[PDB]
Each structure stands twice: as C-alpha cells, then as structure tokens.
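Presented below, as structure tokens, is a lone chain in the form deposited in one PDB entry.
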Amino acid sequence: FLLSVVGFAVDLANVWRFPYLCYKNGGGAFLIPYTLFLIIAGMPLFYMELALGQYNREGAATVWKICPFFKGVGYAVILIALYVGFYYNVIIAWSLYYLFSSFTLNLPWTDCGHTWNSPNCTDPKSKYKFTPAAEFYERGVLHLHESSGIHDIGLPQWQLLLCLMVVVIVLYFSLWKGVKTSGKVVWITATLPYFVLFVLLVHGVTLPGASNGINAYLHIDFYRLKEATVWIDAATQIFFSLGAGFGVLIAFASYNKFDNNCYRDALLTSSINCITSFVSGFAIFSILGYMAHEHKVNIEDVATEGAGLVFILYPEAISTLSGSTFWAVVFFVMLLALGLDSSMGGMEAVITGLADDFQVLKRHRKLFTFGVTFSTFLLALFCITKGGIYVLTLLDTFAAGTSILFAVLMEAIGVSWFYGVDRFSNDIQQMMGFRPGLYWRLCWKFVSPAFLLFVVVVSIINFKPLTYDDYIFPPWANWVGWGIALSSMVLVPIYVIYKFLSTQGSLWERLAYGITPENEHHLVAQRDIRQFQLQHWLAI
C-alpha cells in the first residue's frame, strides 16, 4: 500500500501555498518554526485522527459518540472545508486558462506587445508590475485594472466562468456515484509532480545569478523570530498541508480495514511533506535569485507576496528551458491533476460527514452532490469578478486562521482529558498489535494543547489589518473577516447548551449523560461514572 503515502503527501498546498508564505516571511527563518510544529503537534494529531477514524467507523461529525457534549466540534470542521472548497475551486479555475493559453509556439508571457499590455511595459532585452510575465497575470487573466478596491467589484468575467463550470462538472461527475474516487487517479499525482519538481530543481542551479537566491534561503536571521507572525503562519500551514482539522482524515480512515498500521502511515507522510516543502522552497528561491540579475534590483523587491507568486514565477522559468511549450503543458497538466484530486478529497469528506449523520441523504447521493456542488459554484462566483483577488485574499486570511487551531485544540482536549489516554491506548492495542507507548501519550495530553492554546492566544492578541501588497483594506472588511472566523468557533458552546437543555433530569443526572459513551446508557442510572474520581485525571 506504499503508493497512497506518496500520492497523498503532495497536494495543491506544497507547490502553491508554501512558496509565497516562505517568501513573505524571509525564507529559512520560516523553516525553524515549521519543523518544530511538525515534530511536536503535527504527527501526534495525525496518528490520533487516523486511529480514531479507523476504530470508530463513522464520519467527521457523528464520531463523537464517545463524548456527546463535543459533537459541535464535528460540525465546526465542515464550514471550514466549505470555504476552502470555494476558493480552492476558484484557484483551480486559473490553471485551466493557463493550460489552454499555452498551445502556441510563442507563449503570451514572453512578449511585451499584446493588447492587454499597458504603455509602461519594459522588456529586459515593493514589486515591479510592468514585467511582461507579471502583466499577463494581472491584466489579461484577472483584469484587475478595472477594480478600485473591494468596495467596487465589477461583474463576473465571462472567460473564467466557463472554466469554473468545467471544473464543477468534472467534480460532480467524479463524486456522483461512488466513494472510491482514489483507486484510479493516484498514478498522475504520485509521479508527475516529483518529476516536474526534479526537473525544475536541476535546471534552476545553472541560471546566471541563481547562487544569490540560494545563499539567502540557507541564511537564518534572528530578528524575524521575535515577532508573532511566522509562528502563526507555520502553525496554520502545517495543518493546511497535513489535512488535520478538516475532517478528511477521519472520513478517509473510516473506509479502511481494521488491521492497518497507522504508526507507519503516520511516520511515512510527515517526512515526505517536509522533504517536498524544503525542495520546493529551494527551487522557488533559486528562481527568485535568478530574477535579480535581469532587473538589477534586490531579491525582496521582485515578484508579489500574494497568491500569484507561482503563476508569476514558473512561467518565467519555463521560457528558459528548450522546448517551452512541452514543459508548460506538462506543468499545467500536473497542476490541474493535483487541484482536482485535492478538491475531490475535500468534497467527499464534506459529503460523507454530512451523510453519516442524517440517513435520508445516504439514499439520495446524486441529488445531494448536485446541491453541494451547485452551492459551491454559486458562492465561488464572487471571486471570478474583476476585483476577485481581494475576496480571495480575505477568504484565505480568515476562513481557516484561528478557527482551525481552535477546532484542533478542542478535538485534542475532548479526546484526551474527557475520554482517557488509557482508554485510547487500550483501543489502539485492541485494533493493532502494540501500545502507543509513552512519547505520544505525553505529547497528545500535555504538550500539543499547551502549544495550540499559546498560538491561538497570541494570534488573537497580535492581530494586524489586512492588505494586498499596496492596498489597505477598508475597516469593515476586518469586521466581516472576523465574523467569518467566528462563524465556525461559535458552534462549540451552542451544542453544549442545546444538549444541556435537551435532556431531562437534575444537574448531576444531566452532566453525566454527555461525558460517557452512548453505548454505556445503562451505567448512569447505577451511578457508574469513571470521570468523577481523581484516578481518571491523574493518568498520564
């Protein structure tokens, strides 16, 4: 089964979202708070999720039959997936346009004489926005020059609408009949991305002036580590790239067997994730160093720090290889495959999580997938407009920020403190052949929550306004973003209150029906609750 651990560790979050986060934070100084969070609270909250899903064969919302008070955490990890699906599909819509626009002998992003070119373009033969490759993305693809801000936003663009419809149709017809959407599409996302990355890495070392871009990647500065921004960016990116906190792992583990080894599958994914991220950063910074001996400017003053860094970088590196059309086609085919697989995984996670709860949607899958996909298309229509990059930035900043860390922290607290690390270890020993040990028990009970809470608190206290590289957002945009962020975090206490007023009895007999497994129904009456003695809470 050593193909899924290779075909799933890389997705559209290590080749798109990691480059610009590494570039913005400096490069190198971003890998110190990345490995720490991967070792401390990235592997344990992958092993725990896999074990929970494999033992309790339920989705991401009804798995909380071991502690009914915490069922709101299951509902709080579906809205985040919905938002991520919206802007994920919007972003995938660009790769189709770039692939279709590359079936020529002279690529559009190499010349400075096309219709969409302003009378300020400069051909070398904050950010410089007049370069031929960065002007294409801004004008002939996004049409950003017709929007004055987030308060203007024109009508949707008719050229990306067709690509969005194509992506929506592909997703629907992929997830319309069966859950097995992984046994025939893992032979393109497991081999091609590695080949393309290797070619790019082996080419980006002979470029003139490419040593100055790798002498800054392997150079640690100690003044960016005293500010609480990289510590939050790395913490969010770890959970974005690993899959924890979205409910995907539980849903995809509930369909496996009862003798699978989660230990090996958890230790064989983080290593590949780290290696892929390091290699991607190396290649990206090599290309950035190359694009400084041409414009004769500094490394920090080239390119953007937004979502278009890869679309500005990679087309400017394909043009140097011999046979540019072939490599462009291969690269964008790989991007399309990665995006489609990730979107399919997320949508399947949402659908399974919602269908395991209500049994009426389990018999109607074609009428439910259509509804989910149509809602996603309608709510993703916003980012296709003229000023859609502003909405994309707002969603990227606020959809999964503090909310995902809060959800993961609540998951860890509910699984450990209120259930029992002893009970979890006994279940794992019943399923597999061994016991979790001591490192994982000490990590999942004391160390991981102590870091997640610190990150959440320091992110709440140290909040900075929202900008896009030249544009300070209006003040009400921050209010809207915080409302979006709180829309997921507010679901945890609401379910607690509802379940407290829903049951019948006294306070002692109402608090005792939400801290015990649902199958131990005839134990509360005989006053047999193990959570009322210190021996349960004194077990490390």
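In this text, the rigid core denotes the largest set of C-alpha atoms whose superposition between the two forms falls within 1.5 Å. From 1 onward, residues are counted along the sequence shown.
FYI, the form deposited in another entry isn't displayed, but the following is about it.
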Shifts of 2 Å or more in the Cα, rigid core superposed between the shown form and the other one, apply to only one of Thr181, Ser147, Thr325, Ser375; name it. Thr181
Under comparison with the form shown, the C-alpha atoms of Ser182 and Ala253 in the other form shift by 3 angstroms or more, placing them farther
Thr181 and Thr376, C-alpha gap in the other form relative to this structure (3 Å or more): farther
